[PDB]
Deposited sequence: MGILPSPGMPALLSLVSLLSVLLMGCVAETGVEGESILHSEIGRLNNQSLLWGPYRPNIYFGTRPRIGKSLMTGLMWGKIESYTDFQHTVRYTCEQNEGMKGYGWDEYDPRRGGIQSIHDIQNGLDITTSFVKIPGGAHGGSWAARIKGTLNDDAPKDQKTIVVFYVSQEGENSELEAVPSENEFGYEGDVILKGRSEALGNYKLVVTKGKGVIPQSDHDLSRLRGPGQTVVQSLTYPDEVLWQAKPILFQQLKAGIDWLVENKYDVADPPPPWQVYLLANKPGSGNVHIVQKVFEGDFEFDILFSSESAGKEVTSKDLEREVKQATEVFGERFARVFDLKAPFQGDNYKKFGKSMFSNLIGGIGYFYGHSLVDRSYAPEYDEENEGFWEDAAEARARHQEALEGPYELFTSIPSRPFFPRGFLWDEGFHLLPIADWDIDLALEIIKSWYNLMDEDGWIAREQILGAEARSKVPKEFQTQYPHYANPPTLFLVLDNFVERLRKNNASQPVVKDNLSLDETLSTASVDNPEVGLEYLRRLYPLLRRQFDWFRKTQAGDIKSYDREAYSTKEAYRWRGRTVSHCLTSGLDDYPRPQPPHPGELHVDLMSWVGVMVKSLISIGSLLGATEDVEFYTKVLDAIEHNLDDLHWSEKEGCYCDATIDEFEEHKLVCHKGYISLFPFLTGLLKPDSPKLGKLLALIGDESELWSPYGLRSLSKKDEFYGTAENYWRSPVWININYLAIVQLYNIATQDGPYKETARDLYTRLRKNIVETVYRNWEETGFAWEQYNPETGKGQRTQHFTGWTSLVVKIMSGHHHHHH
C-alpha cells in the first residue's frame, strides 16, 4: 500500500511549471524529456527586441513585480507579471488534468494586456519554445494549409518512452495580428503565426534565447542577401518574423506577433488519457483550481488575530503561493572537488591559507547526473536548492501537503553520498550553472549546512502520532505508509548524523578543556577570516582569528536537534540499540552546551576558541548565535539560563527592535560593520524559530510562562507587520529587514524563508 501511494504521488506530481528560473515554462520530473518556455517583448525598432525580450527571471527598474497569485503543484495555478519595460500586464494560468498512464495532461492560458502607458498599437513578439531531449523520441509540427504560416492552431505531435504519444497545441489566440503591405509579404506572407522546427545536440536545447536569435539573425541575413535594404525596409516586426518552416526536430519555435492585447492557449493532451484537452476544459479546470485553493487555504492557513482581515489573507496567499510556486525540477551534473585534500581537514593554525592552496589545485570535476525536486529561495537571483533554506521552506509547504514535503525531503536525501554528505547548494546541469560564476560552483564534501530538514521531519512525526485532497495527506492518514517512509529514510538520517560527528568534530582532548563529555564538541569546517558560510550566517562574527580549536554553539545545537529527531524516529521503528546511543549523546550535549559554551558573566551562550596561551576562551557576540540552544528547543522551560536568554531577547538595547530581533546586538563591536549581512538586519527564519519557542514556553506551566507569552505576542506581531507593510508598499518579500527603518533590503522575491510569515500568522504551533 506504500508502493501504491508512491505510484499515485508520482502520477500526481509529474507535470508542473517546474522551471522557476524562467517567467513561464513547463517540464515533467524527468531529466531528459519535453520542456516548454515563454518569451515576449515589444518591438519598436530594428534593434530593440534583443533588449526587450523576456525569458529568464530578473528584477530591476523595468519589472514592477511578478509572482504566483495561487498555486498548488498537483493542480496548477495563476501567475501575474507586471512588465514596465514592455508596458504589459501578463497572466499565465496553468492547469493539470489527470488521466492515462503518463502523468496526465495540462493546459496554459497566456494573456497579455497593455498597461495605460503603452502605445495602444504596440507590437509585441510572443514565442512559445518547445524542446525534447531523448535518443528515440520524436516531435513534429503538422504543416499548415496556408502558404506562409498558420491562420489557425499549431499542432505538435510527439512520442517518447516517458510520455507515450501526446499532442501539444498552441491555439490561434485572440488579438490583432498586424499586416505588412511591403513587397516582402509576397515571399514571407503579410503576417501570421509561424513555426520553425530544428534540431541541435540535446545538451544545448535549454539555450532558447541564443537558439531563437540565431534564427532571427539568419532571417535578417536573408533580407540583406535578397536586396531588402534601408531604401525601402519592411517594418521591424516583419523583419523579426521567422520564415515558416515546420517539420521534425527536437526544437520547435512557435512565434506570433500581436498589436494591442492578446491571449492564446497551450493544450497538452496525453494520448493515453482519451479525449484531448480543449480550451473549454482549460477554463473550467482553472475555475475549479481556484475554488479548491481557496478552501484549502482557509482550513490550513486560518489566520489568527490580529491578522484575520482580508488584507492579511491576501498577503498570506501571496507569500504562500510564491513559496510553493517556486518548486522546481533540476537535472544534470554538479561540480565537486573530490580530492579530499588534507588541507581540508583544517587541523593547523592558518588553515584557511592551506585550504585556499588546495582549492587552487582545481581538482574539481563534473559528476552525476543528479536530479532534485525542491522549492528555492529566489527566482531572479538564485533559483536552486539550498540545504538549510529548504528546511524552512517545507514548514509551510508541509502544512499544505505533507506528502509533497516528504517527496521533497526524499528528493534531497537521494543526493546523499556514501559518506553522509549532501552539497549545501545544488547547481544541477548547464542551465543551472549558467546563473552562477564558475568560482562559486564548486561544492566541497567537507562543507556542512544546518540540518533544518529534521524540523520538517519532527512536524511529520507529531502528525503521525496524533483524490488530490486525499493524496496530500496519505502518508499521515495511513500510519503504515508514514512509518515505511521513515523506515527507508532513517538510515540516511543516521548516516548524516554520523557524517556530522566525523567531519565537523571539534577538539576537547587536545587542550586544557574540562567538560562532562569528552566527545561532544563541534566546529563548522570551511571558515575564512571574515566568514562562516557553512553555518548559514555568512558574516556573523566568530573568534578571531579562526582556529582549529574553535567550537561553535550553533553547530552543537544543530546536532542536538538531529539526535532528538533520531530518538523520535528510532523509537517509532523500535531501533532500541540506536535509541540508547542517542539518549547518551543528547544527555552529553546538554551538559557540554553549558560546560563549553555558557557564559555566566555575559548571561548567554558563546562560541569558544583557544587563546594565545593555549587556554579555552569564550568569545561572546550577543545575537542569534547566543540564543541557539533556545532557538533549537534544547532548554528546559524552567531553566534559569533560558530566563537570562529571554531577558536578552526582550532587551531593546541589545536584540529587540520594533521590527523583530536583530541578528547582532547594537552593543556588539561588530554591529553594522563590513557587509553587515548577519550583523544587524532582521531575518525571518531565525525570528520564526524564536517565535515558535516563545509560544512553546507560553503554553506550558513554568516561571517564564507570562514573559514568553508577552514576547510571543509582540514578536509575532512585529515580524508579521514588518513583512506585510513592506509587501504592501513594494509588492515583495525581502531577504531581510532593516531594524532601524523597518525597510526590506537585500534581494526582493525572497520566497524563500520570508514566506514563513504565513505560518506565523496561522499560529497554534
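Enquirer: Since the structure holds only modelled residues, which stretches of the deposited sequence does it leave out?
Expert: Holes in the chain trace, numbered from 1: 1-37, 504-516, 816-819.
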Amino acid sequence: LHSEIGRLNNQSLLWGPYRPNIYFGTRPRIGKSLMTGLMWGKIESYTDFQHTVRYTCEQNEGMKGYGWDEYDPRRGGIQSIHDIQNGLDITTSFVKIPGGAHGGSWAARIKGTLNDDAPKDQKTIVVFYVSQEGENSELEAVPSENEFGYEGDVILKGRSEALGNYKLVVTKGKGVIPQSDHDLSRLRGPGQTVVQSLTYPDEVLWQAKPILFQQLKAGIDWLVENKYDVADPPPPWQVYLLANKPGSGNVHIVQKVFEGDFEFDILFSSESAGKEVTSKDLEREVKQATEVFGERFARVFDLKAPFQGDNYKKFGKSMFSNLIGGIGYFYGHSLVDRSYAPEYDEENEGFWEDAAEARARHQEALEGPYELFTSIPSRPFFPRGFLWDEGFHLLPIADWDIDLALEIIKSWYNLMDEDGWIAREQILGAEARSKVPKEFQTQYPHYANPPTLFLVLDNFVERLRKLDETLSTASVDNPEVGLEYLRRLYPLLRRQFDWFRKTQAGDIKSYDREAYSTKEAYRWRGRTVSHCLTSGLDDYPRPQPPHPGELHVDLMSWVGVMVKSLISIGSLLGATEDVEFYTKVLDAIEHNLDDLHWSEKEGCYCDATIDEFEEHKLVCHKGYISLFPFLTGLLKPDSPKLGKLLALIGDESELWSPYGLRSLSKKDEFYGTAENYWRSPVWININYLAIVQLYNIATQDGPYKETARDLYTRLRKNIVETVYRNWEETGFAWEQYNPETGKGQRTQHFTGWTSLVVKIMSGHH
From here on, numbers count along this sequence of modelled residues.
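Enquirer: Please work out which of 83-91 and 160-168 has the higher mean CA B-factor as recorded in the PDB entry.
Expert: Averaging CA B-factors over each stretch, the winner is 160-168.
Enquirer: Decide which of the stretches 716-724 and 700-708 has the higher mean C-alpha B-factor, going by the entry.
Expert: The entry gives the higher C-alpha B-factor average to 700-708.
Enquirer: In terms of recorded Cα temperature factor, pick the maximum from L537, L464, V195, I324.
Expert: It is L464.
Enquirer: Just to confirm, going by the entry's C-alpha B-factors, which of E652, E225, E431, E425 comes out highest?
Expert: Among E652, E225, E431, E425, the PDB entry lists the largest C-alpha B-factor for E225.
Enquirer: Please say which third, lowest, middle or highest, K636 falls into when its CA temperature factor is compared across its chain.
Expert: Highest third - that is where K636 ends up once the chain's C-alpha B-factors are sorted.
Enquirer: Please place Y485 in the lowest, middle or highest third of its chain by C-alpha B factor as given in the entry.
Expert: Highest third - that is where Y485 ends up once the chain's C-alpha B-factors are sorted.
Enquirer: Please place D587 in the lowest, middle or highest third of its chain according to the CA B-factor in the PDB entry.
Expert: As the PDB entry reports it, the C-alpha B-factor of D587 lands in the highest third of its chain.
Enquirer: Relative to the other modelled residues of the same chain, rank the CA B-factor of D512 and answer lowest, middle or highest third.
Expert: Answer is highest: the recorded C-alpha B-factor places it there.
Enquirer: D389: which third of its chain by C-alpha temperature factor?
Expert: As the PDB entry reports it, the C-alpha B-factor of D389 lands in the lowest third of its chain.
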